[PDB]
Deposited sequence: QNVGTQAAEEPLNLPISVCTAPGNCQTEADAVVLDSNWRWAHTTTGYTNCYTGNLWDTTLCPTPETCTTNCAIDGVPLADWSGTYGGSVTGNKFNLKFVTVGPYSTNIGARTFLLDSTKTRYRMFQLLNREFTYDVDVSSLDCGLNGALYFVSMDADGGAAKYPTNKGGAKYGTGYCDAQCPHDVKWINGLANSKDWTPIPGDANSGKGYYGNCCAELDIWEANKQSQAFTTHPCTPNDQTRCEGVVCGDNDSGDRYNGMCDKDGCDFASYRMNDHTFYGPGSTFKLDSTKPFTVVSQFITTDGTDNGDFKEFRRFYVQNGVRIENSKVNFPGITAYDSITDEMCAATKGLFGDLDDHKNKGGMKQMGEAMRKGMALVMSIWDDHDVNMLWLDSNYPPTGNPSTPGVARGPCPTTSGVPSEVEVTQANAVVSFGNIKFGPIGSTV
């Protein structure tokens, strides 16, 4: 995309901590940038929309190349962050409102480095990543997500010279779902064969998808939470078409370059329904804030080893809370993501181990070694109504069959039109982000 001249781009300042030992950290003066999908797209030498509602203008965008020549994405000024997009920062806390009323629904954002010209790339192997979260106002059907993806640090600017904005304009998004709803891919409008998504007034799908590796630290609302590894072959940003995208709609979910299911550790799905929930007698009380700690263990305990284990623990009101465990007869009580856990649990659930097909923890680790961009988002799910996270999936499945039940939400929950009314004022908060060696962040 070209860059427009109507509004300066002003990312929100967000300090994080880089740590060397427990309680010995230094501030890193980073910032938050809005994903290019949420930006106004208009004519390069005017005010005329190139995209309105869920459609590209066919006169301006008869082809992707012409669209890209004629159109530009514009900046987010400071005033518009809260007023238009529902984003705000207080000290080291970042807040994202779900619906902001001209009416904005959801948000996806990235962490910029201290220069505000590149994404802050995190080399996560043999490191610990930690943050405080509040998901108390997110119920069934919503997801306040924090995760990493194998985006380029410059959003693709060096690879795709028609991308003028780079990381500064939140470009280059890709993930392990190979999404077609990304409006700008490889420096070009994804306007070919663009199709609105029914019941989604703001979104559509273009000819291409954009694939890359994804490490989900946090997919969650107050009812259920998960962390998940998604390797791809290769891991780096890859524009896809046809079978390579692994499109759900053509029966290709397991035929593409990315592991779409991922290998998940989701406490409720692993059959501990009392670990996490909205109340003081759950082990971890989702009505109150808490700290989420993630440790990425290698084979030799060094930065050069292969990724072998994703460990997790929590801190809430000064109380250390170890992760829940897998709880099925004849299955080891795993409390972390490893290749063995993935094989054993997917075996039990009858899920295809595409994680293993894509190179497993080792391949996931190669993405983490090269460095990944931090994503913070809030969203509802127009495909599957978040049932995969917090309900029975498939909805018609027996909840006593291992793998089906992922949370207590009813199978009628999560319809975007309903959650966008009922949960309009939901806000996820991510704060006090800390990064360092294992054992350094609490």
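According to the record, the deposited residues with no C-alpha atom in the structure span just 102 to 104.
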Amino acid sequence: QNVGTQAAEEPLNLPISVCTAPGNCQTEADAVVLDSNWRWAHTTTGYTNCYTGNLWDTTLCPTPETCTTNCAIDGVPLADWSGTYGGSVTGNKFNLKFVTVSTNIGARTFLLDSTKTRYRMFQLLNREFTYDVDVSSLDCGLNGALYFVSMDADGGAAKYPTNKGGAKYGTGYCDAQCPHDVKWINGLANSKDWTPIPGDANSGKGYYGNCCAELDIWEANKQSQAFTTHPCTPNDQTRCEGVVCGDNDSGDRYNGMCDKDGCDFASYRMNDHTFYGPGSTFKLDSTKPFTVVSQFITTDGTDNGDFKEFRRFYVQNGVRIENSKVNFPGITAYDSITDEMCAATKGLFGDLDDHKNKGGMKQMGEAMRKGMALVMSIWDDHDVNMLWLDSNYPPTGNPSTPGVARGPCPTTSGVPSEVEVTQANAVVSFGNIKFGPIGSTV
From here on, numbers count along this sequence of modelled residues.
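The deposited model assigns a higher average Cα B-factor to 20 to 28 than to the other stretch when 20 to 28 and 429 to 437 are compared.
For the pair 70 to 78 and 176 to 184, the mean Cα B-factor is higher in 70 to 78. Residue set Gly256, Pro161, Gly144, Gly170: peak C-alpha B-factor at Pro161 (per PDB entry).
As recorded in the PDB entry, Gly318 shows the highest C-alpha B-factor of the residues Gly155, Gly318, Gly347, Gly262.
Placement of the Cα temperature factor of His42 within the chain: highest third of the modelled residues, per the deposited record.
Ranked within its chain, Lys116 lands in the highest third, by CA B factor from the PDB record. Per-chain ranking of the deposited C-alpha B factor places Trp388 in the lowest third. Sorting the modelled residues of the chain by their CA temperature factor places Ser191 in the middle third.
In the deposited entry, the Cα temperature factor of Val415 places it in the middle third of its chain's modelled residues.
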